[PDB]
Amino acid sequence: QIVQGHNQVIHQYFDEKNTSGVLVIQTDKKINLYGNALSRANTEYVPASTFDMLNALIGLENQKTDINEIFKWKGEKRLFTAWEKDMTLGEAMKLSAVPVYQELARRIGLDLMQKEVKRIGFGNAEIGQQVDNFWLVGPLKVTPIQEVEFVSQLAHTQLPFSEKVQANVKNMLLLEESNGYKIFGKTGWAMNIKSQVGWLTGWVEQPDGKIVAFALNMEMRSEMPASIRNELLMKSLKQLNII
């Protein structure tokens, strides 16, 4: 049941940021839509870094890597200085270090990747012929509703992967943690489109254990702070009494 939530206030929040966005909340097979551009909820977009969650699942499931492996930095200048080091898959997750996730995609290889993305049904499930950038520039696209369903299932260990793998990938995703409320998830930003999409997709684990999943999806400009996504998400979650 996908419905427009009580949206008068969150609408304003999106307006007051001069963006066009949607916030999708899933709380036990109720999905509510918020924001100032609700039609985004059913529009496919490149997932960008949010795909790392699925890449990691597939790689661990198929034993292409393990959570102790240290991915070596060979010495080349990377897009961010923070990425310029040896790191594990979990540290790569937190930093969204693309080269590590590209190295993992190339181990998985094109077939296995396509077969796994189709089995999971992630978005349009098209990865094309280039195994190491399909989630960055296309052709892979996915809706915000499809993303919230995906993270909700990960949070509940309901994806079609091993329980241990799912637990290991959840453990990589912790963003912030106060008042007994934990926020897990993954930002993404498809900086090269004709239109730049920003994601923050994840869930809240409330103190009593309950899970509320989210997927924020908005139009990004270069004028904006990267932090704008976390700011709009947290303001909205507070207004909705989810945190």
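So that there is no doubt, residue numbering starts at 1 and follows the sequence shown.
- Note on 28-36 vs 60-68: mean CA B-factor is higher in 28-36.
- In this entry, 132-140 has the higher mean Cα B-factor, the comparison being between 132-140 and 165-173.
- Of the candidates 196, 187, 55, 206, the one whose C-alpha carries the top B factor in the deposited record is 196.
- Considering 41, 200, 212, 191 together, the PDB entry gives 191 the largest C-alpha B factor.
- For residue 78, the recorded CA B-factor ranks within the highest third of the chain. Only modelled residues enter the ranking.
- Among the modelled residues of its chain, residue 116 has a C-alpha B-factor that falls in the middle third, as given in the PDB entry.
- Split the chain's modelled residues into thirds by C-alpha temperature factor. Residue 154 is in the lowest one.
- In the PDB entry, residue 224 places in the highest third of its chain by CA B-factor.
- Split the chain's modelled residues into thirds by C-alpha temperature factor. Residue 95 is in the middle one.
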